[PDB]
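Peer 1:
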Amino acid sequence: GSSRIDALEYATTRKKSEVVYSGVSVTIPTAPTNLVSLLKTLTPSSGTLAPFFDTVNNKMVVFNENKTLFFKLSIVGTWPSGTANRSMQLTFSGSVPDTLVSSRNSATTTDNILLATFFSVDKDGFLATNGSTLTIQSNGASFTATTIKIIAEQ
Amino acid sequence: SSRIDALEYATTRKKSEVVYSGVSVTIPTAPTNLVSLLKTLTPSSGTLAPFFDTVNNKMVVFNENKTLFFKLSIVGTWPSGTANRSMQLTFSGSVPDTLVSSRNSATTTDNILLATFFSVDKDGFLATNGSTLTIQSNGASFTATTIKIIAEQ
Amino acid sequence: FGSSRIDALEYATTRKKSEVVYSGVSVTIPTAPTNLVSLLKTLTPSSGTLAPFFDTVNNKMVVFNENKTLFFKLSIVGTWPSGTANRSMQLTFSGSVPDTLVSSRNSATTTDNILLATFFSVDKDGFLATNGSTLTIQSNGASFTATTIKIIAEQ
Ligand SMILES: N[C@@H](CCC(=O)O)C(=O)O
Ligand SMILES: N[C@@H](CCC(=O)O)C(=O)O
Ligand SMILES: N[C@@H](CCC(=O)O)C(=O)O
């Protein structure tokens with residue numbers, strides 16, 4: 129059972145890109161923006177875009193395995209003073225595209241954002257074959273981010 | 130090795146991943162049983178079984194201490210001109226869970242992504258009873274044109 | 128062969144959790160920042176236990192020192208006062224970078240029930256493993272009165 133134990137150890141070992149950008153000043157505009165293209169201009173405070181964020185094709189990529197990928201994006205920042213209705217959205221291309229939206233209104237005063245989801249990657253499936261283009265967009269006004277934490281794990 | 134066989138089972142994902150393409154599905158402002166709604170459609174890929182029970186119109190789970198991950202991705206629209214709007218999805222359970230994706234005038238897109246998990250216990254409420262999923266559009270009716278639903282455990 | 132490695136794999140694939148249900152309660156979530164563990168710990172659970180993931184001495188969520196992700200869910204049945212239009216529930220987790228969850232709604236939505244779910248990619252010997260997380264909850268728009276609460280952390 130030696131080889132099968134090796135395989136199980138691999139199967140139960142988390143693979144991850146956990147990248148933190150601290151003390152930055154990054155504009156997330158109201159026009160759609162490729163998130164990998166935006167981030168790769170910055171120097172991480174810790175972590176690396178590789179292996180989950182491909183800086184050649186500007187996409188999230190996955191391991192070709194029947195193992196689900198968990199994704200989280202935590203953004204510290206602000207919209208302009210007085211911005212009432214506002215949201216942050218993030219779309220992932222795929223066989224069916226997924227659009228995350230975090231909306232708020234005047235009742236909420238914090239502007240910090242937390243988006244989380246998962247992708248049920250199939251071997252030789254769409255994500256494994258093509259990757260995913262991540263398109264971020266701020267709604268209501270432009271957003272200025274000062275800390276960004278992005279995680280993809282599988 | 131029985132223990133290695135078991136570990137391979139334990140670490141193998143079980144899933145329903147069902148896609149409905151090119152449809153025009155009304156999600157009304159009144160509560161609607163989601164499994165009942167979907168089973169009137171023909172998947173472009175995947176199968177409702179084993180996680181979506183079309184006899185009792187509910188989500189069902191394996192009787193295992195293994196968490197179920199759920200995602201509903203909808204490409205669709207609220208009517209042109211709709212400002213305040215939301216999509217909600219309730220799961221029955223010992224304590225019912227109500228997911229809400231709300232938005233307002235600031236957001237143009239009407240596409241929806243609801244993701245959550247259920248910490249299934251052996252012999253617990255979900256394993257025993259399953260969960261009725263009740264979907265409802267708020268602010269106006271909604272029309273779904275692509276639906277992707279995933280339950281995995 | 129490989130007995131210890133198999134033991135370790137069985138441990139790695141065994142979910143550890145706190146799942147606490149508070150049924151038939153009346154809990155005010157005010158408009159000011161409020162420590163969530165402090166708020167819950169005086170309530171007698173209907174089922175489950177706050178320990179080990181919710182530490183009632185330091186009022187923090189705490190984690191096992193393992194390279195294993197923690198999944199978190201908070202399900203709340205309750206209400207804002209009648210007529211409350213714009214409203215949200217906010218939950219912040221301290222961390223190297225704090226995470227701020229918001230569930231907002233407006234006049235279009237009648238239900239006041241709330242579901243917040245997320246995960247934390249715990250690293251062995253990392254920030255959460257060493258410090259835990261202070262969970263701070265706040266109701267926006269008006270005070271919220273919770274009557275059923277289900278809280279889960281698993282790793
Ligand atoms: N199974 C799809 C992903 C489904 C999802 O969006 O989670 C793929 O491998 O591309
Ligand atoms: N432990 C509950 C589910 C808890 C949850 O909603 O995640 C059950 O087995 O029914
Ligand atoms: N890796 C971080 C947690 C990252 C997260 O917020 O998920 C820690 O161990 O504290």
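Protein chains in written order, with the entry's author numbering: chain B, 129 to 282; chain C, 130 to 282; chain A, 128 to 282.
Just so you know, even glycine gets a beta-carbon here, dropped at the ideal spot from N, CA and C.
Under 9 Å Cβ-Cβ, which residues of chain B neighbour A:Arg-142?
Peer 2: Taking the third sequence and counting its residues from 1, the one referred to as residue 142 of chain A is at position 15. In chain order: nothing, as chain B lies at least about 13 Å away.
Peer 1: Out of B:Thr-211, B:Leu-242, B:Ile-133, state which residue places its alpha-carbon closest to the alpha-carbon of A:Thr-219.
Peer 2: Indexing the third sequence from 1 puts residue 219 of chain A at position 92. When only C-alpha atoms are compared, the closest one is B:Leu-242.
Peer 1: Which ranges does the beta strand (DSSP E) cover as unbroken runs of at least 3 residues, wholly within the stretch 191 to 263 of chain C, from first to last along the chain?
Peer 2: Here the runs fully enclosed are 197 to 206, 214 to 220, 226 to 232, 241 to 247.
Peer 1: For a contact defined as C-beta to C-beta under 7 Å, what are the partners of A:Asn-194 on chain C?
Peer 2: Position 67 of the third sequence, counted from the first residue, corresponds to residue 194 of chain A. Simply none; closest approach about 16 Å.
Peer 1: Under 8 Å by Cβ, that's how I've got A:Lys-187 and A:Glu-281 pegged, so tell me the actual separation to the nearest angstrom.
Peer 2: Your numbering for residue 187 of chain A matches position 60 in the third sequence. Your numbering for residue 281 of chain A matches position 154 in the third sequence. The Cβ separation is near 17 Å, so there is no contact.
Peer 1: Within 8 Å of any Cβ in chain A, is that where the Cβ of B:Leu-166 sits?
Peer 2: Taking the first residue of the first sequence as 1, we reach residue 166 of chain B at position 38. By this cut-off, B:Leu-166 is not an interface position.
Peer 1: Short of 7 Å Cβ to Cβ, which residues in the stretch 201 to 214 of chain A face chain B?
Peer 2: Residues passing the 7 Å Cβ filter: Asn-213, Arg-214.
Peer 1: Pull up the DSSP beta-bridge partners for A:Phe-181, would you.
Peer 2: On the third sequence, position 54 is the one that residue 181 of chain A refers to. Per DSSP, A:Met-188.
Peer 1: Closer than 7 Å to a non-hydrogen atom of ligand 3 - does that hold for the CB of A:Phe-254?
Peer 2: Numbered from its first residue, the third sequence carries residue 254 of chain A at position 127. Correct: A:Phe-254 has its Cβ closer than 7 Å to ligand 3.
Peer 1: Taking any Cβ of chain C, which residues in the stretch 246 to 261 of chain B have a Cβ under 7 Å from it, in chain order?
Peer 2: Cβ contacts with chain C: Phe-246, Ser-248.
Peer 1: Measure the alpha-carbon distance for A:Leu-201 versus A:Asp-182 and round it to whole angstroms.
Peer 2: Numbered from its first residue, the third sequence carries residue 201 of chain A at position 74. Numbered from its first residue, the third sequence carries residue 182 of chain A at position 55. Roughly 16 Å separates the two Cα atoms.
Peer 1: DSSP three-state call for A:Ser-130: helix, strand or coil?
Peer 2: In the third sequence, counting from the first residue as 1, residue 130 of chain A sits at position 3. DSSP places A:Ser-130 in helix when its eight states are reduced to three.
Peer 1: Taking the alpha carbon of A:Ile-203 as the point to measure from, which residue in C:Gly-210, C:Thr-211, C:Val-229, C:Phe-191 has its own alpha carbon closest?
Peer 2: For this step, residue 203 of chain A is matched to residue 76 along the third sequence. The candidate whose alpha carbon is nearest that of A:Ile-203 is C:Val-229.
Peer 1: Should B:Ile-241 be counted as a contact of ligand 3 given a C-beta to heavy atom distance under 7 Å?
Peer 2: Looking up residue 241 of chain B in the first sequence gives position 113. Checking every heavy atom of ligand 3 against the Cβ of B:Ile-241, none is found closer than 7 Å.
Peer 1: Is there at least one non-hydrogen atom of ligand 3 closer than 7 Å to the beta-carbon of A:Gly-259?
Peer 2: Here residue 259 of chain A refers to the residue found at position 132 of the third sequence. Answer for A:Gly-259: no, Cβ out of range of ligand 3.
Peer 1: Here's a check: name, in chain order, each residue in its chain whose Cβ is nearer than 7 Å to the Cβ of A:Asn-213, leaving out the five neighbours to either side.
Peer 2: Position 86 of the third sequence, counted from the first residue, corresponds to residue 213 of chain A. Correct list, in chain order: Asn-233, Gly-268.
Peer 1: For B:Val-147, is the classification buried or exposed, using 16 other Cβ atoms within 10 angstroms of its Cβ as the cut-off for buried?
Peer 2: To locate residue 147 of chain B, count along the first sequence from 1; it is residue 19. Per the 10 Å Cβ criterion, buried.
Peer 1: Classify B:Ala-273 as helix, strand or coil using the three-state DSSP reduction.
Peer 2: Here residue 273 of chain B is taken as the residue at index 145 of the first sequence, counted from 1. Strand.
Peer 1: Thinking C-alpha only, which one of A:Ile-264, A:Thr-274, A:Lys-251, A:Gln-265 is nearest A:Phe-191?
Peer 2: Taking the first residue of the third sequence as 1, we reach residue 191 of chain A at position 64. It is A:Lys-251.
Peer 1: Between A:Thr-158, A:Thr-206, A:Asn-240, A:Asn-194, which lies nearest to A:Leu-255 when the distance is taken from Cα to Cα?
Peer 2: If you number the third sequence from 1, residue 255 of chain A lands on position 128. Selected option, being the one with the closest Cα: A:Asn-194.
Peer 1: So, with DSSP's three-state summary, where would you put B:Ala-280?
Peer 2: Counting from one through the first sequence, the residue named residue 280 of chain B turns up at place 152. Residue state, collapsed to three classes: strand.
Peer 1: Is the beta carbon of C:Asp-226 less than 8 Å from the beta carbon of C:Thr-245?
Peer 2: Position 97 of the second sequence, counting from 1, holds the residue named residue 226 of chain C. Position 116 of the second sequence, counting from 1, holds the residue named residue 245 of chain C. A contact, by the Cβ cut-off of 8 Å.
Peer 1: Using CA coordinates, which residue listed in C:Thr-236, C:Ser-270, C:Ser-131 is at the minimum distance from B:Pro-160?
Peer 2: In the first sequence, residue 160 of chain B corresponds to position 32, counting from 1. Ranking the options by Cα distance to B:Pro-160, first place goes to C:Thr-236.
Peer 1: For ligand 1, any of its heavy atoms closer than 7 Å to the Cβ of B:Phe-247?
Peer 2: Numbered from its first residue, the first sequence carries residue 247 of chain B at position 119. Yes, the Cβ of B:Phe-247 comes within 7 Å of a heavy atom of ligand 1.
Peer 1: Is A:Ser-173 near ligand 2, with its Cβ less than 7 Å from a heavy atom?
Peer 2: Residue numbering aside, residue 173 of chain A sits at position 46 when the third sequence is read from its first letter. Checking the Cβ of A:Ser-173 against ligand 2 gives no.
Peer 1: With distance defined between alpha-carbon atoms, name the residue in B:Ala-273, B:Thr-158, B:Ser-209, B:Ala-178 nearest to B:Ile-279.
Peer 2: The residue given as residue 279 of chain B occupies position 151 in the first sequence. Nearest option by C-alpha distance: B:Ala-178.
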